[PDB]
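In: Provide a 3D model corresponding to the input given below.
(chains A and B)
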2 protein chains.
Amino acid sequence: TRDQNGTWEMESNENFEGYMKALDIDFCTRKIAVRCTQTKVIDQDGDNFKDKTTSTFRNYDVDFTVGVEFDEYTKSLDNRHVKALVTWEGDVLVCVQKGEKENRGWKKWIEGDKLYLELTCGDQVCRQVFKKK
Amino acid sequence: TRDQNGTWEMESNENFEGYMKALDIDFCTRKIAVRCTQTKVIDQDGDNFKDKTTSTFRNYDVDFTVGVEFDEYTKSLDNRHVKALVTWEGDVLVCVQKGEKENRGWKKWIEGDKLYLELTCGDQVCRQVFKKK
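Out: Numbers count the residues shown, from 1 in each chain, chains lettered A, B, ... in the order given. The relevant structure is shown in the block below.
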């Protein structure tokens, strides 16, 4: 068939690195690109094609129980050893990551339709807001 | 509520670069990670949490008509000017991107529930497989 319409999810990607390297893509872009899965949405009627491709990489995965200290290696991010403790403060989830960096941790809370995540390291604070889908 | 279950889509992200820099993430990966919007998937069961974060960047949008040569920039990858021509070879969609790189192009075709994509540049072949959702 010539019909390529639809939503296509990547399941393998062989030698993307060498193809991008032949196109002189910068090292740091290639390092992340080879970790991305692609989703291609193709719309085709007659000779006319529209292709929308999105790339996603699995950015951080962590399991924990509130109140139970655990060692983790911040593999994915900075790759350090911390001893993390997550506790409730009211309805706010509070995580302290004890280790090399001072004031390292995060807070997560819900307000209505929105999840708020405050990330801290040193004197830097990152505020993120997510909408429930 | 102490319920953070669900799928959550990023709608705001302030001072991400500063927090990442304070953790010592190479300039390279930060200016990539900032480019992306995130999705958080939280599975919460009592005191136990499973958090899976992913990052997405919109990426390549392409419109072409088969058999019509057109100039384009290869935005998405190296952003070079090519004259692209997409034609059918039987059921295989073949694209030649004429310009600075030799043997530059791609081929894609359906077999069963799967889409096969071969990308070429120079002596490099990248082979991708997608599954129809």
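
In: in what helix or strand does the nearest residue to residue A:28 once chain neighbours are set aside lie?
Out: Distances taken as C-beta to C-beta, 6 or more residues apart in numbering or on different chains place residue B:28 nearest to residue A:28, at 3.2 Å, with adjacent residues excluded. Using the backbone N, CA and C atoms, a C-beta is placed for each residue, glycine as well. In this structure, residue B:28 sits in helix B:27-33 according to DSSP states H and E.

In: next: residue A:21.
Out: Element membership for residue A:21 (DSSP H and E) is helix A:16-22.

In: residue contacts, residue A:107?
Out: By C-beta atoms under 8 Å, 6 or more residues apart in numbering or on different chains, the contact set of residue A:107 is A:89, A:92-95, A:116-118.

In: kindly recompute the last result at 6 Å.
Out: Applying C-beta atoms under 6 Å, 6 or more residues apart in numbering or on different chains, we find residue A:107 in contact with A:92, A:94, A:118.

In: show me which positions of the helix holding residue B:28 end up buried.
Out: Neighbour-count burial for helix B:27-33, counted by 16 or more other C-beta atoms under 10 Å in any protein chain shown, picks out B:30, B:32-33.

In: likewise for stretch A:61-80?
Out: A:62, A:64, A:66, A:74, A:78, A:80.

In: need phi/psi at the third one.
Out: The phi/psi pair for residue A:66 (degrees, to the nearest 10) reads phi -60, psi 140.

In: give me the nearest residue to it, chain neighbours excluded.
Out: In space, residue A:66 is closest to residue B:47, 4.4 Å off (C-beta to C-beta, 6+ apart).

In: quick check: beta-bridge partners of residue A:64?
Out: residue B:49 (DSSP bridges).

In: so it sits against residue B:49, correct?
Out: Yes. If you go by C-beta atoms under 6 Å, residue A:64 and residue B:49 touch, sitting 5.4 Å apart.

In: helix or strand: which one has the spatially most central residue of chain A?
Out: When C-alpha atoms, centre = their mean is applied to chain A, the residue found nearest the centroid is residue A:59 (2.5 Å). Assigned by DSSP H and E, residue A:59 belongs to strand A:48-65.

In: using CSV, write out every CA atom in that strand.
Out: Taking C-alpha atoms only, strand A:48-65 is exported to CSV below (Å, rounded to 0.1, in the frame of the first residue of the first chain):
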residue,chain,number,x,y,z
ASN,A,48,-0.3,15.9,-0.8
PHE,A,49,1.5,15.0,2.4
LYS,A,50,1.7,16.8,5.8
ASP,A,51,4.1,15.2,8.4
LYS,A,52,4.2,16.3,12.0
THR,A,53,6.9,14.6,14.1
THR,A,54,7.4,15.0,17.8
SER,A,55,10.4,13.7,19.9
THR,A,56,10.1,12.7,23.5
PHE,A,57,12.7,11.5,26.0
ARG,A,58,12.0,9.8,29.3
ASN,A,59,13.3,12.5,31.5
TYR,A,60,13.3,11.2,35.1
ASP,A,61,11.8,8.1,36.8
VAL,A,62,11.6,7.8,40.6
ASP,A,63,9.6,5.6,43.1
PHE,A,64,9.4,6.3,46.8
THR,A,65,7.3,6.0,49.9
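
In: after it, next one along is what?
Out: As assigned by DSSP H and E, the chain's next helix or strand after strand A:48-65 is strand A:70-73.

In: buried sites along stretch A:92-105?
Out: A:93-97, A:99, A:101, A:104-105.

In: narrow those to those in helices?
Out: Of the buried residues of stretch A:92-105, none are assigned to helices by DSSP state H.

In: mind listing which of these are in strands?
Out: Secondary structure assignment by DSSP state E places A:93-97, A:105 of those in strands.

In: which pair in these spans the largest distance?
Out: With distances taken as C-beta to C-beta, the most widely separated pair in those is A:93 and A:97, at 13.4 Å.
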